[PDB]
>>> print(open('entry.txt').read())   # compact mmCIF, N, CA, C and O atoms and all ligand atoms
# COMPACT_ATOMS: atom_id res chain seq x y z
N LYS N 1 151.33 10.58 104.87
CA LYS N 1 150.01 10.98 105.31
C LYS N 1 150.09 12.16 106.26
O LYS N 1 151.17 12.56 106.71
N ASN N 2 148.92 12.73 106.55
CA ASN N 2 148.70 13.77 107.56
C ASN N 2 149.33 15.11 107.20
O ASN N 2 149.45 15.97 108.08
N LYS N 3 149.76 15.32 105.96
CA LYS N 3 150.36 16.58 105.57
C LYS N 3 149.91 16.96 104.16
O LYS N 3 149.60 16.10 103.33
N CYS N 4 149.87 18.26 103.90
CA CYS N 4 149.52 18.81 102.59
C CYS N 4 150.57 18.38 101.58
O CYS N 4 151.69 18.90 101.57
N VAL N 5 150.21 17.43 100.71
CA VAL N 5 151.13 16.87 99.74
C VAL N 5 150.46 16.81 98.37
O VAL N 5 149.23 16.83 98.26
N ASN N 6 151.29 16.75 97.34
CA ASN N 6 150.81 16.49 95.99
C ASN N 6 150.73 14.99 95.75
O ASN N 6 151.68 14.25 96.04
N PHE N 7 149.60 14.53 95.23
CA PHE N 7 149.38 13.11 95.02
C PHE N 7 148.95 12.83 93.59
O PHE N 7 148.25 13.64 92.97
N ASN N 8 149.40 11.68 93.07
CA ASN N 8 149.01 11.15 91.77
C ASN N 8 148.41 9.78 92.03
O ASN N 8 149.14 8.81 92.28
N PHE N 9 147.09 9.69 91.97
CA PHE N 9 146.38 8.43 92.19
C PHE N 9 145.80 7.94 90.87
O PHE N 9 144.78 8.46 90.40
N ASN N 10 146.45 6.94 90.28
CA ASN N 10 146.00 6.31 89.04
C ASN N 10 145.82 7.35 87.92
O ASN N 10 144.84 7.32 87.18
N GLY N 11 146.77 8.27 87.82
CA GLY N 11 146.70 9.32 86.83
C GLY N 11 145.94 10.55 87.27
O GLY N 11 145.88 11.53 86.51
N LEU N 12 145.36 10.54 88.46
CA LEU N 12 144.59 11.68 88.97
C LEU N 12 145.52 12.58 89.78
O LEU N 12 146.08 12.15 90.79
N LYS N 13 145.68 13.82 89.32
CA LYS N 13 146.42 14.85 90.03
C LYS N 13 145.62 15.34 91.23
O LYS N 13 144.39 15.33 91.22
N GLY N 14 146.33 15.76 92.26
CA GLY N 14 145.67 16.46 93.35
C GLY N 14 146.68 17.00 94.34
O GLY N 14 147.85 16.63 94.33
N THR N 15 146.18 17.88 95.21
CA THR N 15 147.00 18.52 96.24
C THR N 15 146.16 18.67 97.50
O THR N 15 145.15 19.37 97.49
N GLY N 16 146.58 18.01 98.58
CA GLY N 16 145.86 18.11 99.83
C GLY N 16 146.43 17.21 100.89
O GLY N 16 147.37 16.44 100.64
N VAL N 17 145.85 17.32 102.08
CA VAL N 17 146.24 16.49 103.22
C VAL N 17 145.52 15.16 103.13
O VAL N 17 144.29 15.12 102.98
N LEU N 18 146.27 14.07 103.22
CA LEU N 18 145.73 12.72 103.22
C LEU N 18 145.56 12.25 104.65
O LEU N 18 146.53 12.23 105.42
N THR N 19 144.33 11.88 105.02
CA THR N 19 144.03 11.43 106.36
C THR N 19 143.26 10.11 106.30
O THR N 19 142.68 9.76 105.27
N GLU N 20 143.26 9.39 107.41
CA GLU N 20 142.49 8.16 107.50
C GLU N 20 141.00 8.47 107.49
O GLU N 20 140.54 9.43 108.12
N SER N 21 140.23 7.65 106.77
CA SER N 21 138.81 7.88 106.57
C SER N 21 137.99 6.75 107.17
O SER N 21 138.44 5.61 107.25
N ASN N 22 136.78 7.09 107.60
CA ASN N 22 135.84 6.13 108.16
C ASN N 22 134.87 5.58 107.13
O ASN N 22 134.08 4.68 107.45
N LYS N 23 134.90 6.09 105.90
CA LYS N 23 134.02 5.59 104.85
C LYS N 23 134.38 4.16 104.48
O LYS N 23 135.56 3.80 104.44
N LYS N 24 133.37 3.35 104.21
CA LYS N 24 133.58 1.97 103.77
C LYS N 24 133.24 1.90 102.28
O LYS N 24 132.09 1.70 101.89
N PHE N 25 134.25 2.08 101.45
CA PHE N 25 134.07 1.95 100.01
C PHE N 25 133.69 0.51 99.65
O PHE N 25 134.20 -0.45 100.22
N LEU N 26 132.78 0.39 98.70
CA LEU N 26 132.47 -0.92 98.15
C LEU N 26 133.68 -1.45 97.40
O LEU N 26 134.53 -0.67 96.95
N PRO N 27 133.81 -2.78 97.28
CA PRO N 27 135.03 -3.33 96.65
C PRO N 27 135.30 -2.77 95.26
O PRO N 27 136.46 -2.53 94.91
N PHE N 28 134.26 -2.55 94.46
CA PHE N 28 134.46 -1.95 93.15
C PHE N 28 134.69 -0.45 93.24
O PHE N 28 135.40 0.12 92.40
N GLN N 29 134.10 0.21 94.24
CA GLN N 29 134.16 1.66 94.34
C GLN N 29 135.60 2.14 94.44
O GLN N 29 136.40 1.60 95.22
N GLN N 30 135.94 3.17 93.66
CA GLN N 30 137.30 3.67 93.57
C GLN N 30 137.45 5.09 94.10
O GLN N 30 138.28 5.34 94.98
N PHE N 31 136.68 6.04 93.58
CA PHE N 31 136.77 7.44 93.96
C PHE N 31 135.53 7.86 94.71
O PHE N 31 134.44 7.33 94.50
N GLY N 32 135.70 8.83 95.60
CA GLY N 32 134.59 9.37 96.38
C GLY N 32 134.42 10.85 96.13
O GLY N 32 135.39 11.60 96.09
N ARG N 33 133.16 11.28 95.97
CA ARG N 33 132.83 12.67 95.75
C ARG N 33 131.86 13.15 96.82
O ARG N 33 130.99 12.40 97.27
N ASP N 34 132.01 14.41 97.21
CA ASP N 34 131.22 14.98 98.30
C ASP N 34 129.95 15.62 97.73
O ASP N 34 129.59 15.39 96.57
N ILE N 35 129.26 16.42 98.54
CA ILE N 35 128.03 17.06 98.09
C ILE N 35 128.30 18.03 96.95
O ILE N 35 127.51 18.16 96.02
N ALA N 36 129.43 18.73 97.01
CA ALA N 36 129.76 19.78 96.05
C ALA N 36 130.43 19.24 94.79
O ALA N 36 131.08 20.01 94.08
N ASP N 37 130.29 17.94 94.50
CA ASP N 37 130.82 17.34 93.28
C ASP N 37 132.33 17.51 93.17
O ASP N 37 132.86 17.86 92.11
N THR N 38 133.04 17.27 94.27
CA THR N 38 134.49 17.32 94.30
C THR N 38 135.05 16.05 94.93
O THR N 38 134.40 15.42 95.76
N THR N 39 136.26 15.68 94.51
CA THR N 39 136.91 14.46 94.99
C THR N 39 137.31 14.66 96.45
O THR N 39 138.13 15.53 96.77
N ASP N 40 136.74 13.85 97.34
CA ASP N 40 137.04 13.95 98.76
C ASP N 40 137.62 12.67 99.36
O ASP N 40 138.28 12.74 100.40
N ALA N 41 137.39 11.51 98.74
CA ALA N 41 137.91 10.26 99.25
C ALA N 41 138.54 9.47 98.11
O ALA N 41 138.07 9.53 96.97
N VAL N 42 139.60 8.73 98.43
CA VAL N 42 140.30 7.92 97.44
C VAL N 42 140.70 6.59 98.08
O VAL N 42 140.90 6.49 99.29
N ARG N 43 140.82 5.56 97.25
CA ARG N 43 141.26 4.24 97.68
C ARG N 43 142.67 3.99 97.16
O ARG N 43 142.92 4.16 95.96
N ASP N 44 143.57 3.61 98.06
CA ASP N 44 144.96 3.42 97.68
C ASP N 44 145.09 2.23 96.72
O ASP N 44 144.56 1.16 97.01
N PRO N 45 145.78 2.39 95.59
CA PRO N 45 145.85 1.30 94.61
C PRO N 45 146.58 0.06 95.10
O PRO N 45 146.35 -1.03 94.56
N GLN N 46 147.44 0.18 96.11
CA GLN N 46 148.20 -0.96 96.61
C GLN N 46 147.56 -1.61 97.83
O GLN N 46 147.34 -2.83 97.84
N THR N 47 147.25 -0.82 98.85
CA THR N 47 146.59 -1.31 100.05
C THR N 47 145.14 -0.85 100.01
O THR N 47 144.86 0.34 99.82
N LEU N 48 144.21 -1.80 100.18
CA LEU N 48 142.78 -1.50 100.09
C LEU N 48 142.36 -0.74 101.34
O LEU N 48 141.79 -1.29 102.29
N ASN B 1 112.78 27.97 116.30
CA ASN B 1 112.69 26.53 116.07
C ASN B 1 112.01 26.22 114.75
O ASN B 1 112.31 25.20 114.11
N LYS B 2 111.09 27.08 114.31
CA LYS B 2 110.32 26.83 113.10
C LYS B 2 111.07 27.16 111.82
O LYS B 2 110.57 26.83 110.73
N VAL B 3 112.24 27.79 111.90
CA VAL B 3 113.01 28.18 110.73
C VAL B 3 114.30 27.37 110.71
O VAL B 3 115.04 27.34 111.70
N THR B 4 114.57 26.71 109.59
CA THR B 4 115.77 25.90 109.44
C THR B 4 116.68 26.49 108.36
O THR B 4 117.52 25.78 107.79
N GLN B 5 130.08 23.09 105.29
CA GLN B 5 129.83 23.71 103.97
C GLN B 5 131.13 23.74 103.17
O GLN B 5 132.13 24.26 103.69
N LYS B 6 131.12 23.20 101.94
CA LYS B 6 132.32 23.25 101.08
C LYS B 6 132.67 24.72 100.80
O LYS B 6 131.74 25.49 100.52
N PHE B 7 133.95 25.07 100.89
CA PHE B 7 134.38 26.48 100.66
C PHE B 7 135.52 26.51 99.64
O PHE B 7 136.69 26.67 100.06
N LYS B 8 135.20 26.36 98.36
CA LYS B 8 136.24 26.44 97.29
C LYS B 8 136.47 27.91 96.96
O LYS B 8 137.10 28.19 95.93
N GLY B 9 135.97 28.81 97.82
CA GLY B 9 136.11 30.26 97.59
C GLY B 9 134.96 31.02 98.23
O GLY B 9 135.21 32.11 98.78
N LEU B 10 133.75 30.46 98.18
CA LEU B 10 132.58 31.10 98.82
C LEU B 10 132.71 30.99 100.34
O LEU B 10 133.23 29.96 100.80
N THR B 11 132.25 32.00 101.07
CA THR B 11 132.30 31.98 102.56
C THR B 11 131.03 32.64 103.11
O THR B 11 130.39 33.39 102.35
N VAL B 12 130.69 32.38 104.37
CA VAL B 12 129.51 33.04 104.98
C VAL B 12 129.97 33.85 106.19
O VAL B 12 130.09 33.27 107.28
N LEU B 13 130.20 35.15 106.01
CA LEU B 13 130.65 36.02 107.08
C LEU B 13 129.59 36.08 108.18
O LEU B 13 128.40 36.25 107.88
N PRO B 14 129.98 35.95 109.45
CA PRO B 14 128.99 36.01 110.52
C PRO B 14 128.42 37.41 110.64
O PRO B 14 129.11 38.41 110.35
N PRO B 15 127.16 37.54 111.05
CA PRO B 15 126.58 38.87 111.22
C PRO B 15 127.22 39.62 112.38
O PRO B 15 127.71 39.02 113.33
N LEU B 16 127.21 40.95 112.27
CA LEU B 16 127.82 41.77 113.31
C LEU B 16 127.07 41.63 114.63
O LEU B 16 127.70 41.54 115.70
N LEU B 17 125.75 41.62 114.59
CA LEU B 17 124.92 41.51 115.79
C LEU B 17 124.46 40.07 115.96
O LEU B 17 123.78 39.52 115.09
N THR B 18 124.83 39.46 117.09
CA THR B 18 124.37 38.12 117.40
C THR B 18 122.89 38.14 117.75
O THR B 18 122.30 39.19 118.01
N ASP B 19 122.29 36.95 117.76
CA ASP B 19 120.87 36.85 118.08
C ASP B 19 120.56 37.35 119.48
O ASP B 19 119.46 37.86 119.73
N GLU B 20 121.50 37.20 120.41
CA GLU B 20 121.27 37.66 121.78
C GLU B 20 121.10 39.17 121.84
O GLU B 20 120.23 39.67 122.56
N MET B 21 121.90 39.92 121.08
CA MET B 21 121.77 41.37 121.08
C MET B 21 120.44 41.81 120.46
O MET B 21 119.81 42.76 120.93
N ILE B 22 120.00 41.12 119.41
CA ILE B 22 118.71 41.43 118.81
C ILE B 22 117.59 41.15 119.81
O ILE B 22 116.64 41.94 119.94
N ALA B 23 117.67 40.03 120.52
CA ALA B 23 116.69 39.73 121.56
C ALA B 23 116.71 40.79 122.65
O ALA B 23 115.67 41.13 123.22
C1 LIG A 1 151.44 -5.24 97.14
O1 LIG A 1 152.59 -5.57 97.91
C2 LIG A 1 152.47 -5.21 99.30
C3 LIG A 1 153.79 -5.56 99.96
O2 LIG A 1 154.89 -5.13 99.18
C4 LIG A 1 151.27 -5.92 99.93
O3 LIG A 1 151.09 -5.43 101.26
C5 LIG A 1 150.01 -5.65 99.13
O4 LIG A 1 148.91 -6.40 99.64
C6 LIG A 1 150.24 -6.01 97.67
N1 LIG A 1 149.05 -5.75 96.88
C7 LIG A 1 148.01 -6.59 96.81
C8 LIG A 1 146.88 -6.16 95.93
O5 LIG A 1 147.98 -7.65 97.43
>>> encode(input="entry.txt", output="structure tokens", more="lines below")
Ligand SMILES: *[C@@H]1O[C@H](CO)[C@@H](O)[C@H](O)[C@H]1NC(C)=O
Amino acid sequence: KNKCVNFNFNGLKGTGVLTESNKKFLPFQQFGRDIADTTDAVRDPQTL
Amino acid sequence: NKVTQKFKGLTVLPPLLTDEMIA
């Protein structure tokens, strides 16, 4: 965490800094998108 | 008072003259 890294989340490619988030995803909710229709939040597949 | 950002490439350059100088 806390560094610009390449990540593969459930087959989803990405590149960015992973930081702790204050969003409370619903139990079913998996991916988060911002106003500009881009992936901004993710839920770790192992630790909720 | 009466008049009322993701950057995947777009940016908003600040104006050269601030509001104080215009005032
Ligand atoms: C997967 O294993 C880790 C420990 O190795 C545990 O903390 C985690 O809760 C496990 N996943 C689930 C869904 O319980």
>>> closest_atom_pairs(input="entry.txt", of="chain N", to="chain B", cutoff="10 Å", atoms="only C-alpha atoms", output="tab-separated table")
residue	atom	partner	partner_atom	distance
N:34	CA	B:6	CA	8.8
N:35	CA	B:6	CA	8.1
N:36	CA	B:6	CA	6.6
N:37	CA	B:6	CA	9.9
N:38	CA	B:6	CA	9.3
>>> write_last_selection(input="entry.txt", atoms="N, CA, C and O atoms", output="compact mmCIF listing (two decimals), in the frame of the given file")
# COMPACT_ATOMS: atom_id res chain seq x y z
N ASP N 34 132.01 14.41 97.21
CA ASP N 34 131.22 14.98 98.30
C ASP N 34 129.95 15.62 97.73
O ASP N 34 129.59 15.39 96.57
N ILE N 35 129.26 16.42 98.54
CA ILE N 35 128.03 17.06 98.09
C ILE N 35 128.30 18.03 96.95
O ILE N 35 127.51 18.16 96.02
N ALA N 36 129.43 18.73 97.01
CA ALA N 36 129.76 19.78 96.05
C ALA N 36 130.43 19.24 94.79
O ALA N 36 131.08 20.01 94.08
N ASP N 37 130.29 17.94 94.50
CA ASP N 37 130.82 17.34 93.28
C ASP N 37 132.33 17.51 93.17
O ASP N 37 132.86 17.86 92.11
N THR N 38 133.04 17.27 94.27
CA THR N 38 134.49 17.32 94.30
C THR N 38 135.05 16.05 94.93
O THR N 38 134.40 15.42 95.76
>>> residues_near_ligand(input="entry.txt", ligand="ligand LIG 1 (chain A)", cutoff="8 Å", atoms="only C-alpha atoms and all ligand atoms", output="list in words")
residues 45, 46, 47 and 48 of chain N
>>> atom_distance(input="entry.txt", atom1="atom CA of residue 11 of chain N", atom2="atom N of residue 39 of chain N")
14.4 Å
>>> atom_distance(input="entry.txt", atom1="atom CA of residue 3 of chain N", atom2="atom N of residue 26 of chain N")
24.9 Å
>>> axis_aligned_box(input="entry.txt", around="segment 4-22 of chain B", padding_each_side="4 Å", output="lines of an AutoDock Vina configuration file")
center_x = 125.8
center_y = 32.9
center_z = 109.2
size_x = 30.5
size_y = 27.7
size_z = 34.6
>>> residues_around(input="entry.txt", residues="residue 18 of chain N", least_positions_apart="4", cutoff="8 Å", atoms="all atoms listed in the file", output="MDAnalysis selection string")
chainID N and resid 1:5 40
>>> write_last_selection(input="entry.txt", atoms="N, CA, C and O atoms", output="mmCIF file, keeping the file's coordinate frame")
data_model
loop_
_atom_site.group_PDB
_atom_site.id
_atom_site.type_symbol
_atom_site.label_atom_id
_atom_site.label_comp_id
_atom_site.auth_asym_id
_atom_site.auth_seq_id
_atom_site.Cartn_x
_atom_site.Cartn_y
_atom_site.Cartn_z
ATOM 1 N N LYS N 1 151.330 10.580 104.870
ATOM 2 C CA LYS N 1 150.010 10.980 105.310
ATOM 3 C C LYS N 1 150.090 12.160 106.260
ATOM 4 O O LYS N 1 151.170 12.560 106.710
ATOM 5 N N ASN N 2 148.920 12.730 106.550
ATOM 6 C CA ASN N 2 148.700 13.770 107.560
ATOM 7 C C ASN N 2 149.330 15.110 107.200
ATOM 8 O O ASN N 2 149.450 15.970 108.080
ATOM 9 N N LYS N 3 149.760 15.320 105.960
ATOM 10 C CA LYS N 3 150.360 16.580 105.570
ATOM 11 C C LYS N 3 149.910 16.960 104.160
ATOM 12 O O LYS N 3 149.600 16.100 103.330
ATOM 13 N N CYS N 4 149.870 18.260 103.900
ATOM 14 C CA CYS N 4 149.520 18.810 102.590
ATOM 15 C C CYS N 4 150.570 18.380 101.580
ATOM 16 O O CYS N 4 151.690 18.900 101.570
ATOM 17 N N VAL N 5 150.210 17.430 100.710
ATOM 18 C CA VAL N 5 151.130 16.870 99.740
ATOM 19 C C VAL N 5 150.460 16.810 98.370
ATOM 20 O O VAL N 5 149.230 16.830 98.260
ATOM 21 N N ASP N 40 136.740 13.850 97.340
ATOM 22 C CA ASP N 40 137.040 13.950 98.760
ATOM 23 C C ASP N 40 137.620 12.670 99.360
ATOM 24 O O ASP N 40 138.280 12.740 100.400
#
>>> atom_distance(input="entry.txt", atom1="atom O of residue 6 of chain N", atom2="atom N of residue 28 of chain N")
24.3 Å
>>> residues_around(input="entry.txt", residues="residue 30 of chain N", least_positions_apart="6", cutoff="7 Å", atoms="all atoms listed in the file", output="number ranges by chain")
N: 41-44
>>> select_by_dssp(input="entry.txt", residues="chain N", states="strand (DSSP E or B)", output="tab-separated table (two decimals) with N, CA, C and O atoms, keeping the file's coordinate frame")
chain	number	residue	atom	x	y	z
N	4	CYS	N	149.87	18.26	103.90
N	4	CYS	CA	149.52	18.81	102.59
N	4	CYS	C	150.57	18.38	101.58
N	4	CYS	O	151.69	18.90	101.57
N	5	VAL	N	150.21	17.43	100.71
N	5	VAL	CA	151.13	16.87	99.74
N	5	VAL	C	150.46	16.81	98.37
N	5	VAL	O	149.23	16.83	98.26
N	6	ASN	N	151.29	16.75	97.34
N	6	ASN	CA	150.81	16.49	95.99
N	6	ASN	C	150.73	14.99	95.75
N	6	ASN	O	151.68	14.25	96.04
N	7	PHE	N	149.60	14.53	95.23
N	7	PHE	CA	149.38	13.11	95.02
N	7	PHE	C	148.95	12.83	93.59
N	7	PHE	O	148.25	13.64	92.97
N	8	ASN	N	149.40	11.68	93.07
N	8	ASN	CA	149.01	11.15	91.77
N	8	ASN	C	148.41	9.78	92.03
N	8	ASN	O	149.14	8.81	92.28
N	9	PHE	N	147.09	9.69	91.97
N	9	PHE	CA	146.38	8.43	92.19
N	9	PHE	C	145.80	7.94	90.87
N	9	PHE	O	144.78	8.46	90.40
N	12	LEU	N	145.36	10.54	88.46
N	12	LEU	CA	144.59	11.68	88.97
N	12	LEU	C	145.52	12.58	89.78
N	12	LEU	O	146.08	12.15	90.79
N	13	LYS	N	145.68	13.82	89.32
N	13	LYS	CA	146.42	14.85	90.03
N	13	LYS	C	145.62	15.34	91.23
N	13	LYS	O	144.39	15.33	91.22
N	14	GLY	N	146.33	15.76	92.26
N	14	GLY	CA	145.67	16.46	93.35
N	14	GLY	C	146.68	17.00	94.34
N	14	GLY	O	147.85	16.63	94.33
N	15	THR	N	146.18	17.88	95.21
N	15	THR	CA	147.00	18.52	96.24
N	15	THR	C	146.16	18.67	97.50
N	15	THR	O	145.15	19.37	97.49
N	16	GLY	N	146.58	18.01	98.58
N	16	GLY	CA	145.86	18.11	99.83
N	16	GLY	C	146.43	17.21	100.89
N	16	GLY	O	147.37	16.44	100.64
N	17	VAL	N	145.85	17.32	102.08
N	17	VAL	CA	146.24	16.49	103.22
N	17	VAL	C	145.52	15.16	103.13
N	17	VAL	O	144.29	15.12	102.98
N	31	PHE	N	136.68	6.04	93.58
N	31	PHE	CA	136.77	7.44	93.96
N	31	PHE	C	135.53	7.86	94.71
N	31	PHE	O	134.44	7.33	94.50
N	32	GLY	N	135.70	8.83	95.60
N	32	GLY	CA	134.59	9.37	96.38
N	32	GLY	C	134.42	10.85	96.13
N	32	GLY	O	135.39	11.60	96.09
N	33	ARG	N	133.16	11.28	95.97
N	33	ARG	CA	132.83	12.67	95.75
N	33	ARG	C	131.86	13.15	96.82
N	33	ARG	O	130.99	12.40	97.27
N	39	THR	N	136.26	15.68	94.51
N	39	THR	CA	136.91	14.46	94.99
N	39	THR	C	137.31	14.66	96.45
N	39	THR	O	138.13	15.53	96.77
N	40	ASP	N	136.74	13.85	97.34
N	40	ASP	CA	137.04	13.95	98.76
N	40	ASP	C	137.62	12.67	99.36
N	40	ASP	O	138.28	12.74	100.40
N	41	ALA	N	137.39	11.51	98.74
N	41	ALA	CA	137.91	10.26	99.25
N	41	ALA	C	138.54	9.47	98.11
N	41	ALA	O	138.07	9.53	96.97
N	42	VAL	N	139.60	8.73	98.43
N	42	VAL	CA	140.30	7.92	97.44
N	42	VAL	C	140.70	6.59	98.08
N	42	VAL	O	140.90	6.49	99.29
>>> decode(input="entry.txt", residues="segment 1-12 of chain B", atoms="C-alpha atoms", output="compact mmCIF listing (two decimals), in the first residue's frame")
# COMPACT_ATOMS: atom_id res chain seq x y z
CA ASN B 1 -21.78 35.50 -3.98
CA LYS B 2 -24.51 35.25 -6.64
CA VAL B 3 -22.28 33.37 -9.14
CA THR B 4 -21.31 29.75 -8.52
CA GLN B 5 -11.89 17.92 -10.42
CA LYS B 6 -10.79 14.70 -12.20
CA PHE B 7 -7.72 15.45 -14.41
CA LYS B 8 -7.12 12.56 -16.87
CA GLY B 9 -5.44 15.24 -19.05
CA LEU B 10 -7.73 18.31 -18.87
CA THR B 11 -6.51 21.13 -16.53
CA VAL B 12 -7.73 24.64 -15.51
